[PDB]
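Novice: Chains as they are written, first to last, in PDB author numbering: chain B, 22 to 392; chain E, 24 to 110; chain D, 26 to 243; chain A, 24 to 806; chain C, 25 to 83.
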Amino acid sequence: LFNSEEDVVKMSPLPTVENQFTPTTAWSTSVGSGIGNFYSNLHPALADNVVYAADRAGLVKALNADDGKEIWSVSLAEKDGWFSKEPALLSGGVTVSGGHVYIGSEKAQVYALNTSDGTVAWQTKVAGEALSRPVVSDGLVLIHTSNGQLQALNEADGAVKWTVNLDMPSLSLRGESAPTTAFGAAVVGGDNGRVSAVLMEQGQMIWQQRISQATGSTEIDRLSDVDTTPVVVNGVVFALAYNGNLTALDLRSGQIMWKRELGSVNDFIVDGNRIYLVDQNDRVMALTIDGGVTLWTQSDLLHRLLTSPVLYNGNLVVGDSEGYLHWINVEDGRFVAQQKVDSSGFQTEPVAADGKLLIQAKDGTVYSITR
Amino acid sequence: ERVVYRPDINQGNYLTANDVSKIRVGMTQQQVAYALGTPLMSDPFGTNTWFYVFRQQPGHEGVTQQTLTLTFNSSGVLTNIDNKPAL
Amino acid sequence: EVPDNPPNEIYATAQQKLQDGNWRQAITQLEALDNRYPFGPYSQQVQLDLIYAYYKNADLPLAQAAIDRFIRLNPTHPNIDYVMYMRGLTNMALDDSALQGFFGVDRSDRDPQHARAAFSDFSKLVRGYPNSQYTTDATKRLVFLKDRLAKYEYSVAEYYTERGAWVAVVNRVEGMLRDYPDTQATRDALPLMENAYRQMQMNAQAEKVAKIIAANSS
Amino acid sequence: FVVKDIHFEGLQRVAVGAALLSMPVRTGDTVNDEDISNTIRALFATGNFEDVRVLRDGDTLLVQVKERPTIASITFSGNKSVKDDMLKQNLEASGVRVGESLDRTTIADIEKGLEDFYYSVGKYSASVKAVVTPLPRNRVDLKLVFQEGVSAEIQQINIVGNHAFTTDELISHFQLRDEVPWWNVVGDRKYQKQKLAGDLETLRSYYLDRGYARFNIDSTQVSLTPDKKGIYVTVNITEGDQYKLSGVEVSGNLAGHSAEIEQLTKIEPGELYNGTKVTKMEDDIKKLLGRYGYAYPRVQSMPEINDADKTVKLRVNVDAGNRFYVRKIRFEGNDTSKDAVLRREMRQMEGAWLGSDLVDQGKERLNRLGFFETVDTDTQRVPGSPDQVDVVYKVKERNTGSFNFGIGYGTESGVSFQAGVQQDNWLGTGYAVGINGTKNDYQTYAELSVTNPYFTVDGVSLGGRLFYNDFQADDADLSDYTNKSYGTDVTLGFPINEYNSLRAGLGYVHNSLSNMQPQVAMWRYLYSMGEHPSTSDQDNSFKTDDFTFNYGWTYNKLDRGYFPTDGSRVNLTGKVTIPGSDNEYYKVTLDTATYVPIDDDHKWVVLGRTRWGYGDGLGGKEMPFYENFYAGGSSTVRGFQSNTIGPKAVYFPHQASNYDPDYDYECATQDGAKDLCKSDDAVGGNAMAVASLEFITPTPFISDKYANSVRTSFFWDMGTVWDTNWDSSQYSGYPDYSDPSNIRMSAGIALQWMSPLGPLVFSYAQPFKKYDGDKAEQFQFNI
Amino acid sequence: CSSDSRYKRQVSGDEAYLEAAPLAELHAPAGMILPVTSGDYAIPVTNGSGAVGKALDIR
């Protein structure tokens, strides 16, 4: 019927579904339509034993953990988005500290909903789309946004501590540069292909170092799950450009002590001296801190829209936005387990929490993966 | 001719009374052409004779014309603001 | 075109089909020559042989290409003037041509778009190449052509006589009078200037034009 | 060392000297192996050398070169949707083309240029590699794979900060269109940043004219999402506020036109600020000055946007040229038609000032030429004075030669045929010729038509028509009504205005009928003729030398006379008789031609065809049964055969047609259908209301090089024809027609095919309402 | 006049530029001198050693 009408495309699926510790979700309590086709984060924060989790529908839940049961469920509104009074469609993921479920919107908003009812204990607008999850630290709800702005908002009552542009991308090379505080600097990357550390006191540029190019005529990866967000394991500062070129900069000057400009790393953690990273090939691999010495790699993972490789249930778990979870041999690259618990899958990082692996997929959003 | 109206004979390019009073006998062609410009008909035969001339007939009700020519000398200095009417 | 052959293979199979009159199979091998050998030693002649092929295949703008592709690319021949001939010779037949001739209506009062170009090239022949055998047509092919410019321009003086825009009669005529020194349509433009002047009551100015008739009686 | 000679190996697109002078050690120069290595690079610095191997025979150079030039072939592959030439332009952007110096350094800018071309396509996942593949003696193949990953589509233009407009109802009237489910299709939603730029300027022209002078679009953040398809556009804008256009300060060079130059800038002071009216009231003055002969009409507004009361005040800077502007005119693109025939279409005269409308009214008269395809103007201001303009009405003529025919049996049953050929004012004569005719064994028809369309400069179309219809309707004889109707019909055209053009003429219709069919409407009008001949036999005659008076008039505002997209032609034509005619009737009729663009792209254009007519006797008569109205079957409504709209002829009881054919041409005859039958051929009505509703429609699979000349026209066609003398008297136990309730219907597609012999319209319909007496010909193919 | 197994036809054409010799020269009396030529109208006549038209050199 509908086959002969349309045209064709291409991608790369998952090989070697492994189950050596046979995985499963422990609860299933999904928020709704989860991350969506905006560059969005809906990262479920689990506090009060409650997965405060949101989707790109404005709907924020309170999925009380060990069953994900609803403590509360609110749907947030926007104020300038297309006209006004529109659902939040959250770009920033759920941050929770105190009675404050901080979620950032795709239109302009960054919230903080009280963690008993989800009533917005404050919301504070950021300039354009909150490119980052609302990173909440030191009285500052630090967001790097669509306009390249490190925006710090007051985490108790809502008040813009500052909003400072660092690396405005071209149109908006959508880079979650999410501002991590290190050495007095909220270290927050560059969406056009840079990395910065910016002083956490009021947003003073400690350094911004250009890492890789911009997307458009200097063609680098837009298709990367951009984690311009600096994972600052000590001041060899591990971070990414817009394509995800891993770079290890100085914390006070940006001196790139080594880089995987060679890489265009999508999702990376620096597990001590083991930079467990989803590469541009979506190869899960381990790198050092003083170099990108490939302590191991993985070709079992190869072009799935992966999450971050996180150690849980004895193995390095990495889901994807194809729903395949993958428990990686942490010592070398091998699928120990695979859980295809979604098929729209997780554009949020696997929250190895509650004794589970809490996730947010796009359709079957909040599960909690076990083995 | 019993016609009261048909598509009318028409023209433009004829000096306003401003354009006549903008200039004087003695005024050079360029000095004449400062706000009069050039006509669309001058004299290739004799002197500078700048014919700014109208033509019109409003439906066989008497044909109209405004032949406002500027006879200069060959130095271009105006010698005649020659403004002939209809017929 | 023939494939990547030696040039004189392609030049011979160009040249025979000129002598065969197989001008397409000349162009098949005049240009497959110039495909890999436009630096052929005869590529100046090939360009002329292209005009020999094109215009005798009646490919007049393609000749006009190879006419200019002679003078631009390989002008090294004394048939630049032939090219200046064939430029207009393209441009003369490029302007006024129709199937209306068997019924008996005009072509020369029409617009002279390419005919003004043939007016140029046959002038550029008799000016820029006045030595040439090609000037012989070219001198003749200015004479009708300025009258073809005249009888085109006279038609507007003819029409604006009908319009009653009597300035606009003289606008063509005195322009034509300034244009054409010998064409009859200009001598026939000539009284319309006086005629229009008399409707505009420039009767004395009209008789300036009437004494031209006393001189263009001669 | 000094080189004695150089060996020039492998050049084939470049010369020895093209090598030799790009050798820094040329022949005779002192040669070094430094100069050899200088020679390797600089011969490669030709860009026409695939490899350079300069060596020496002691000092005698020997340069060994493979070269990448003249490219033998360029291949494109994997380009599933995008055409290979569109990719070739980015190769031709990168200087890589067939028969040319390849540079294999330029393999990448082929591809990087192409993927960035692919970015601007409406994709971003679309990749390309170029392949260099050498071929005889210099040649190469330039193969290209194309990795078309996915296109890009706009998803939601996230116009944040939007404080007077809901972006969602803006997108429905934006250019980036949406809503394609399996129950709605408007067209695809591909990511067009160029439409998006117009969308933000739709958004600007949404705001700015309400009051929003200091509306501003703050920022714009396209969702460069890791899919390379999902495009959201996080636009920051700021409403500003409603301003009020609250003053008009129009000044500058006004040239004595100062009063209406104020009035062409009328606002009310306090009018909620219209930014578009501000620009409008500029050009309001500009055409005005362009009517005086100033196409130096420089008119520049200035809203003094006064936020102290949230208002603006419109300063306007007006320049009003110098007079007497149109020096002369020219024409071009009429190398085949005489220019003064086209100059008398023109209304701007030389020796005038510029009427900019005068230039274009004759150009609109040039637009309504019909023997054209496009018309332009070229209003060259002649320098040296701002009284000096030459207006070159560059035009383009139409095709010449059109043919028609007819069939039904030939060459074996006598010589029976139909003919017809057209000249289309052949190559621009000023003489329109279209000639037709038919000779069959049942009738022989003669007709002539010639027109001098510009016999006089007013617009007098010297056009005459004559006719000799030796029509017998031969069964084997006058056994089915003769009509030897002959004579002439001459008509002249007269423009009194530029759209108002009148028509009038006379008709000599020397009718000579005999053996008229016993259908009552023949006699019913003959009963109004004073004739009461045989109801029961076809033996009866009808002679009338109908001295008739024809008339007409056009309104001509439909733009093209060739292939319009917009406008309206209102074209009247009717007839009446005179005292002295052998019949005293009239017939008035009116048709139209109006093109209404559905979209403003004018490839979606409504076409209105509707026919209305009435005629009866002027006194004591009728308009004839042979003058009654009709439609159906390629006339207005398709899916029928001809004469299916109208009073369907009812017979008297009949015996013998002077040889009624034995059970053929049966007419309630003695040979069948006996005693008051009715055939399903329309004798038609003395009144008419029939129509057709076609559409200019785009064809995205037909190349629009001739789909602007092919009018693929879907229709639903309808209409009624009734007689005000077919009232239910004899046609009472039969189809009665007295009203516009006799409507036929069909829907389908017309396919106008502009051949070199003209437009060819083939149609197919299904009669969805078929009234009484209607034949069905769904397959109707006309030439 | 009557078809006889693949007859042929007749067409028409024009080459009048070839035969045109300079026409009756416009003059002017004194005090009335129009410029006679404002272009390449006044034929800069050369008729060097060859024919008129396509009878001349072909390549």
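Idealized CB from N, CA, C, for every residue including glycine.
At the level of alpha carbons, what is the spacing between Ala109 (chain E) and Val593 (chain A)?
Specialist: Position 86 of the second sequence holds residue 109 (chain E). Position 570 of the fourth sequence holds residue 593 (chain A). So the alpha carbons of these two residues sit roughly 38 Å apart.
Novice: Within 10 Å of its beta-carbon, does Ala229 (chain D) have 16 or more other beta-carbons around it, so buried, or fewer, so exposed?
Specialist: Along the third sequence, read from residue 1 onward, the residue named residue 229 (chain D) stands at position 204. By the neighbour-count criterion, in which 16 or more other beta carbons inside 10 Å mark a residue as buried, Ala229 (chain D) falls on the exposed side.
Novice: Using the beta-carbon of each residue, which ones in chain B are nearer than 8 Å to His186 (chain A)?
Specialist: The residue you call residue 186 (chain A) lines up with position 163 of the fourth sequence. The contacting residues are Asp101, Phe104, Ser105.
Novice: Relative to the alpha-carbon of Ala86 (chain B), which residue among B:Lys377, B:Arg392, B:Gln381 has its alpha-carbon at the smallest distance?
Specialist: Numbered from its first residue, the first sequence carries residue 86 (chain B) at position 65. Closest by alpha carbon: B:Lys377.
Novice: Find the residues of chain D that neighbour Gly443 (chain A), judging by a C-beta separation of less than 9 Å, and give them in chain order.
Specialist: Sequence index remark: in the fourth sequence, residue 443 (chain A) carries index 420 (1-based). Listed along the chain, the chain D residues whose CB falls inside 9 Å of the CB of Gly443 (chain A) amount to none; the nearest CB is some 19 Å away.
Novice: Candidates A:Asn113, A:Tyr509, A:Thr50, A:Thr434: which alpha carbon is nearest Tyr491 (chain A)'s?
Specialist: Against the fourth sequence, residue 491 (chain A) aligns to sequence position 468. The shortest Cα separation from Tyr491 (chain A) among A:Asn113, A:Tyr509, A:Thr50, A:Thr434 belongs to A:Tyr509.
Novice: What did DSSP end up calling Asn731 (chain A) once you bin it into helix, strand or coil?
Specialist: Position 708 of the fourth sequence, counted from the first residue, corresponds to residue 731 (chain A). DSSP places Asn731 (chain A) in coil when its eight states are reduced to three.
Novice: Check the C-beta distance from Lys361 (chain A) over to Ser180 (chain D) and give it rounded, since I have them as a contact under 8 Å.
Specialist: By one-based count along the fourth sequence, residue 361 (chain A) stands at place 338. By one-based count along the third sequence, residue 180 (chain D) stands at place 155. Confirmed, Cβ separation roughly 6 Å.
Novice: With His139 (chain D) as the anchor, note down where its alpha helix (DSSP H) starts and where it stops.
Specialist: In the third sequence, counting from the first residue as 1, residue 139 (chain D) sits at position 114. Segment 138-153, the alpha helix (DSSP H) holding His139 (chain D).
Novice: At a cut of 8 Å, does the stretch 55-73 of chain D reach the stretch 87-95 of chain D through at least three beta carbon pairs?
Specialist: yes
Novice: According to DSSP, what are the bridge partners of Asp560 (chain A)?
Specialist: If you number the fourth sequence from 1, residue 560 (chain A) lands on position 537. Note: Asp560 (chain A) sits in a beta bridge opposite A:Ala679.
Novice: Let me know if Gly553 (chain A) comes out buried or exposed under the rule of 16 or more other beta-carbons within 10 Å of its beta-carbon.
Specialist: Counting from 1 along the fourth sequence, the entry for residue 553 (chain A) is found at position 530. Answer is exposed; the Cβ neighbour count stays below 16.
Novice: Measuring only between beta-carbons, confirm whether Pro59 (chain C) sits less than 8 Å from chain E.
Specialist: In the fifth sequence, the residue the question calls residue 59 (chain C) occupies position 35. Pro59 (chain C) counts as touching chain E.
Novice: Using DSSP's beta-bridge definition, name the partner residues of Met711 (chain A).
Specialist: The residue you call residue 711 (chain A) lines up with position 688 of the fourth sequence. A:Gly636, A:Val744, per the DSSP bridge assignment.
Novice: Between D:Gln226, D:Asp131, D:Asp136, D:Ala39, which lies nearest to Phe354 (chain A) when the distance is taken from Cα to Cα?
Specialist: For the purposes of this step, residue 354 (chain A) is taken as the residue at position 331 of the fourth sequence. It is D:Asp136 whose Cα lies nearest to the Cα of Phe354 (chain A).
Novice: Between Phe23 (chain B) and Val362 (chain B), what straight-line distance do the alpha-carbon atoms span, to the nearest angstrom?
Specialist: On the first sequence, residue 23 (chain B) is found 2 positions in, with the first residue counted as 1. On the first sequence, residue 362 (chain B) is found 341 positions in, with the first residue counted as 1. Their Cα atoms are separated by approximately 28 Å.
Novice: With DSSP as the reference, please indicate the residues paired to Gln130 (chain B) in a beta bridge.
Specialist: Residue mapping note: residue 130 (chain B) aligns to position 109 of the first sequence, counting from 1. B:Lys146, per the DSSP bridge assignment.
Novice: How should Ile349 (chain B) be labelled, buried or exposed, when 16 other C-beta atoms within 10 angstroms of its C-beta is the threshold for buried?
Specialist: One-based indexing of the first sequence puts residue 349 (chain B) at position 328. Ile349 (chain B) is buried by the Cβ-count criterion.
Novice: Beta carbons nearer than 8 Å to chain E: which residues of the stretch 181-206 of chain D have them?
Specialist: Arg188, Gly189, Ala190, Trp191, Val192, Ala193, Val195, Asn196, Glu199, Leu202, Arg203
Novice: Figure out for me which residue from E:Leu91, E:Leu101, E:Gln79 has the closest Cα to the Cα of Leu38 (chain E).
Specialist: In the second sequence, the residue the question calls residue 38 (chain E) occupies position 15. That would be E:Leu91, whose Cα lies nearest to the Cα of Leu38 (chain E).
Novice: When you compare only the Cα positions, how much space is there between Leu97 (chain B) and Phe104 (chain B)?
Specialist: Reading the first sequence from its first residue, position 76 is the one you call residue 97 (chain B). Reading the first sequence from its first residue, position 83 is the one you call residue 104 (chain B). So the two alpha carbons sit approximately 15 Å from each other.
Novice: At a CB distance below 9 Å, what residues from the stretch 157-175 of chain D approach chain C? Give them in sequence order.
Specialist: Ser157, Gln158, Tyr159, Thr160, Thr161, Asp162, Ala163, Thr164, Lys165, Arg166, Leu167, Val168, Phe169, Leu170, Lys171, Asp172, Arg173, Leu174, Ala175
Novice: Is the Cβ of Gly85 (chain E) closer than 8 Å to any Cβ of chain D?
Specialist: For the purposes of this step, residue 85 (chain E) is identified with residue 62 of the second sequence, where counting begins at 1. No, no contact with chain D.
Novice: For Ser439 (chain A), I'd like the list of residues in its chain whose CB is within less than 8 Å of its CB, leaving aside the five on either flank, ordered along the chain.
Specialist: Numbered from 1 along the fourth sequence, position 416 holds the residue referred to as residue 439 (chain A). Answer for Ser439 (chain A): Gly431, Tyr432, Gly433, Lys462, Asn463, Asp464, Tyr465, listed in chain order.
Novice: What are the start and end residues of each continuous alpha helix (DSSP H) run of 4 or more residues lying completely inside the stretch 31-81 of chain A, in chain order?
Specialist: 39-43, 56-67
Novice: Any beta-carbon of chain A closer than 8 Å to the one on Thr369 (chain B)?
Specialist: In the first sequence, the residue the question calls residue 369 (chain B) occupies position 348. No, its Cβ sits nowhere closer than 8 Å to a Cβ of chain A.
Novice: Using a beta-carbon distance below 8 Å, is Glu138 (chain A) in contact with chain B?
Specialist: Working through the fourth sequence from its first residue, we reach residue 138 (chain A) at position 115. At least one chain B Cβ lies under 8 Å of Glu138 (chain A).
Novice: Closer than 8 Å by beta-carbon distance: list the chain A residues that pair up with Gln34 (chain E), in chain order.
Specialist: For the purposes of this step, residue 34 (chain E) is taken as residue 11 along the second sequence, with counting starting at 1. Going along chain A in sequence order, the residues near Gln34 (chain E) (Cβ under 8 Å) are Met372, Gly374, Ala375.
Novice: Please confirm whether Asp410 (chain A) has its beta-carbon closer than 8 Å to some beta-carbon of chain E.
Specialist: Stepping through the fourth sequence from its first residue, residue 410 (chain A) is reached at position 387. Closer than 8 Å: yes.
Novice: Nearest chain E C-beta to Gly63 (chain C) closer than 8 Å, yes or no?
Specialist: Residue numbering aside, residue 63 (chain C) sits at position 39 when the fifth sequence is read from its first letter. With 8 Å as the cut-off, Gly63 (chain C) does not count as an interface residue toward chain E.
Novice: Please go through the same chain and pick out, in chain order, the residues whose beta-carbon is closer than 6 Å to the beta-carbon of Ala496 (chain A), but skip the five residues on each side of it.
Specialist: On the fourth sequence, residue 496 (chain A) is found 473 positions in, with the first residue counted as 1. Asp503, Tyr504, listed in sequence order.
Novice: Whole angstroms are fine: how far does the CA of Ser228 (chain A) sit from the CA of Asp292 (chain B)?
Specialist: In the first sequence, the residue the question calls residue 292 (chain B) occupies position 271. In the fourth sequence, the residue the question calls residue 228 (chain A) occupies position 205. Spanning the two alpha carbons is a distance of roughly 54 Å.
Novice: Would you say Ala133 (chain B) and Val122 (chain B) are within 8 Å of each other, going by their C-beta atoms?
Specialist: Along the first sequence, read from residue 1 onward, the residue named residue 133 (chain B) stands at position 112. Along the first sequence, read from residue 1 onward, the residue named residue 122 (chain B) stands at position 101. Contact: yes.
Novice: Could you give the first and the last residue of the continuous beta strand (DSSP E) run that contains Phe74 (chain E)?
Specialist: As a working note, residue 74 (chain E) is residue 51 in the second sequence. Taken as a continuous stretch (DSSP letters only), the beta strand (DSSP E) holding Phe74 (chain E) covers 72-79.
Novice: For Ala773 (chain A), which residues in the same chain have their Cβ closer than 7 Å to its Cβ, ignoring the five residues on either side in sequence?
Specialist: For the purposes of this step, residue 773 (chain A) is identified with residue 750 of the fourth sequence, where counting begins at 1. So the qualifying residues of the chain are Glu717, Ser736, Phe738, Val784, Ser786.
Novice: To the nearest whole angstrom, what separates the beta carbons of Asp562 (chain A) and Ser604 (chain A), a pair I think is in contact under 8 Å?
Specialist: As a working mapping, residue 562 (chain A) is identified with position 539 in the fourth sequence. As a working mapping, residue 604 (chain A) is identified with position 581 in the fourth sequence. Going by Cβ atoms, the distance from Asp562 (chain A) to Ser604 (chain A) rounds to 25 Å, so no, they are not a contact pair.
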